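Coming up is one lone chain in structure tokens, specifically the form solved without the ligand.
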């Protein structure tokens, strides 16, 4: 792919984070803490899951960024509507305002309803995410495998501003403590 030139500098929005997340000083890395991180509750925070949004909002154009997932057992990545539900249980689907892929139990799946099996021969250590607002496209790339395509959501009905979306996953196993990191341009 030749999307690298639409690179954008993404930072994480502390105020949207689940209360157990630890966001680095530069707002470029996030990981699961072993306890509540001593923040006040607010209506923006994801309550049920270890999720956080990027600060940037996109309503036009072409945008590209990269995320490091090295050594993680579970995570979700993509974009979502600014107005997604924050509290309680919900599925990751375009009907609920999410365009995502994930790793769970040694399989990769796209967040369609129902979910779609992905075919990845080289487990990725870094994921590239491309959004074309006008075209209604969200695409995912395997940076570890020379940029190979993972998945394309097309005919997307965004229906509002978009925000970068992250889930570090739970760490019940003790094998999923590693952070998500926004990779340099």
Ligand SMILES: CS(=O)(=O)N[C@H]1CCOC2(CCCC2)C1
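Residue numbers count along the first chain shown, from 1.
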Residue range whose averaged C-alpha B-factor is higher in the record, 133-141 or 118-126
118-126
Quick check on the record: does 47-55 or 31-39 carry the larger mean Cα temperature factor?
31-39
Highest recorded Cα temperature factor - choice among 95, 73, 109, 76:
95
Would you please rank residue 104 by its C-alpha temperature factor against the other modelled residues of its chain and give the third it falls in: lowest, middle or highest?
middle
Lowest, middle or highest third: where is residue 180 by C-alpha B factor in its chain?
lowest
Select lowest, middle or highest to describe the third in which the CA B-factor of residue 16 falls within its chain in this entry.
middle
Where does residue 173 sit by CA temperature factor within its chain: lowest, middle or highest third?
middle
Temperature factor at the Cα of residue 22, chain-ranked in thirds, falls in the middle
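Another form, the form deposited with the ligand bound, is not on view; read the next lines as being about it.
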Contact flag, residue 32 vs the ligand in the deposited complex, heavy atom cut 4.5 Å
yes
Quick one: is residue 47 in contact with the ligand in the deposited complex, heavy atoms, 4.5 Å cut-off?
yes
My question is simply whether residue 171 lines the interface with the ligand in the deposited complex - judged by any non-hydrogen atom within 4.5 Å.
yes
Any non-hydrogen atom of residue 16 within 4.5 angstroms of the ligand in the deposited complex:
no
